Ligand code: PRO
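Consider the single chain below, provided in structure tokens and representing the form deposited without ligand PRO.
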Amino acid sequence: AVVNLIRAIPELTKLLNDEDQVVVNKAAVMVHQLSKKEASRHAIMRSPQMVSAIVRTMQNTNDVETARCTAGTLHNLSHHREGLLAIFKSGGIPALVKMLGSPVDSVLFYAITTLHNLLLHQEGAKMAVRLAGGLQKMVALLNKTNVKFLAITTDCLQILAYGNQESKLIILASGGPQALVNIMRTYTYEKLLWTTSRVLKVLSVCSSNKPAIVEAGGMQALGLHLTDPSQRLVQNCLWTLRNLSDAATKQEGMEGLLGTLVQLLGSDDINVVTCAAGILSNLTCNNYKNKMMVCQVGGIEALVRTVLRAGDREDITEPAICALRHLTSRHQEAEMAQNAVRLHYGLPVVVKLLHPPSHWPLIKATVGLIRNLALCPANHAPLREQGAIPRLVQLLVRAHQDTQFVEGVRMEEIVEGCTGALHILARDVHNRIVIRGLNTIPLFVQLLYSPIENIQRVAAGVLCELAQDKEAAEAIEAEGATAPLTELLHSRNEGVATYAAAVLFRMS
């Protein structure tokens, strides 16, 4: 009796447009079943009206099954360029972004996966997602707990944020840093850790996102994975940690991170060595706690070995030397550190670094390290024997000449640094003879006239030490040092005033 049992697209498109929702729901199911077959797919993808109806129904329906079926249909069409284009041109992105707010998982999954496909292969998709407010929706979803979903969501964020300062700011405003750090500290799924580390790397170069990542516990979270078997993950964490380092010098609970970084200096991967050295240099800056920990785990030796391996590679020696500089001053184990640099055979290479081909940034740091090393009397003779004095004087003379930004460094800083190093080295009777013999007194007296308070201090300091010897005190007086030193008794700097009084007393 009932016959005709077993143009389909044009018929279904009409049904999805029906005002009757029960009809729309049933048609939605049929369309979805058809999207499962490649044959029926092309027919759907080629119909502008079909796609538009699917997109409209999805964002307007109140039926969960209809939302699921239409979202699933679009996902099925997203595997082909033609499908991606049709979805794109039919207003699919705003619709999909709206679906990211759905309380049903199946719908969210179809939406985020289809969006990822659009972002990867559809020209114009990134901009559309940003405009539609996708960034904000995605960050909000980072509190979900399905690790596969989180991996796709975070990668979408990476695609959208890469090379786009505005997107990074949006992510920041939506609380992205804290959510991303939470992921790093909570999950173990490598692909997610990796996609998430890529986002953090991108954000870490933003001056606004850097402080937010650090305060969220980012340094500690990234540090937790520096030993994971995934090389790509370790590298991403290291690069990110380095970018953030200059903003994490006030963080606590860095013990674990510092320990691993020191061990990483012993890596055969020069890129890992370079990053770890850079991170260590910044983390040891004005933080006695961090210096203590680094020294306790053999950091001095590791850093000396790093300098030796680096050779003339200044992208490795600068941070390694700066780090050694930080480790040799102002902390309970600074004295031990000053001795360790010597006991680990580092005095010769440190002095060598004062010579060409080293550039000013490295020389500046090296002078600073030698200044620290000189605080340890056992280093007085070794430093002299390696020729440190003559070179320091050479640098001083050159730098002073200029003062009468060079290669990125202010020569005034070199004058202050070399003269300070010489001031400390002059504590040694033998070094005083060498310093005196290089005809340095006239130059030291001239520095008393320096407009820089710190230069007058170290100049008076070295003259004070030199004046301990009669003949020297005589040479200092003959240079007309009396006049300026007397005026310096009125210095606002206690050190200057004190050193000046000491020299005046000795000249008499």
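We call the rigid core the largest set of C-alpha positions that still match within 1.5 Å between the two forms. In case it trips you up, residue 1 is the first one in the sequence shown, and so on.
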- Query: Taking the other compared entries of this protein, do a third or more of them lack coordinates for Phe405?
  - Reply: yes
- From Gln404 to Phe405, how many deposited residues does the entry skip: none, 1 to 3, 4 to 9, or 10 or more? 10 or more
- Item | Unmodelled deposited residues flanked by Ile6 on one side and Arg7 on the other | 10 or more
- Note on the structure: As the entry reports it, the stretch among 118-126 and 366-374 with higher mean C-alpha B factor is 118-126
- Query: Hey, which bit's got the bigger mean C-alpha B factor in the entry, 389-397 or 319-327?
  - Reply: 389-397
- Compare the CA B factors listed in the entry for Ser230, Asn236, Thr274, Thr260 and report the winner. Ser230
- Item | Residue, from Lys291, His80, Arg305, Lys168, that the PDB entry assigns the highest Cα B-factor | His80
- Message: Quick check on the deposited entry: does the C-alpha B-factor of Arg41 sit in the lowest, middle or highest third of its chain?
- Response: highest
- Note on the structure: For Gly218, the third of its chain by CA B-factor is the lowest
- Query: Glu190: which third of its chain by C-alpha temperature factor?
  - Reply: middle
- Just say lowest, middle or highest third for the CA B-factor of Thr482 relative to the other modelled residues in its chain. highest
- Task: Sorting the chain's modelled residues by C-alpha B-factor, tell me whether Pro103 ends up in the lowest, middle or highest third.
- Result: highest
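The same protein has a further form, the form deposited with ligand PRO bound, not shown here; the description that follows concerns it.
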- So which of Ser174, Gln263, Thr186, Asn339 reaches within 4.5 angstroms of ligand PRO in the bound PDB entry, heavy atom to heavy atom? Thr186
- Item | Single option in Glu252, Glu82, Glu407, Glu385 placed near ligand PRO in the bound PDB entry, where near means a heavy atom within 4.5 Å | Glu407
- Message: How about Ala248 - does it come within 4.5 Å of ligand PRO in the bound PDB entry, if we only consider non-hydrogen atoms?
- Response: no
- Would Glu166 count as touching ligand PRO in the bound PDB entry under a 4.5 Å heavy atom rule? yes
- Would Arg130 sit within 4.5 Å of ligand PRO in the bound PDB entry, counting heavy atoms only? yes
- Message: Is it the case that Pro356, even though its partner is missing from this view, gets within 4.5 Å of ligand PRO in the bound PDB entry, heavy atoms only?
- Response: yes
- Message: in the bound PDB entry, does every one of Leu108, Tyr288 and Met292 come within 4.5 Å of ligand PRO, counting any heavy atom?
- Response: no
- Out of 224-232, 89-97, 358-366, 301-309, where are the residues with a heavy atom within 4.5 Å of ligand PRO in the bound PDB entry? 358-366
- Message: After superposing on the rigid core, which residue out of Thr114, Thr328, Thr306, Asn290 has its C-alpha displaced by 2 Å or more between the shown form and the other one?
- Response: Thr114
- Superposing on the rigid core, do we see a C-alpha displacement of 2 Å or more at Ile452 between the shown form and the other one? no
- Would you say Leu131 moves its Cα by 2 Å or more between the shown form and the other one, aligning on the core? yes
- Message: Once both forms sit on the same rigid core, is the C-alpha displacement of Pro211 at or above 2 Å between the shown form and the other one?
- Response: no
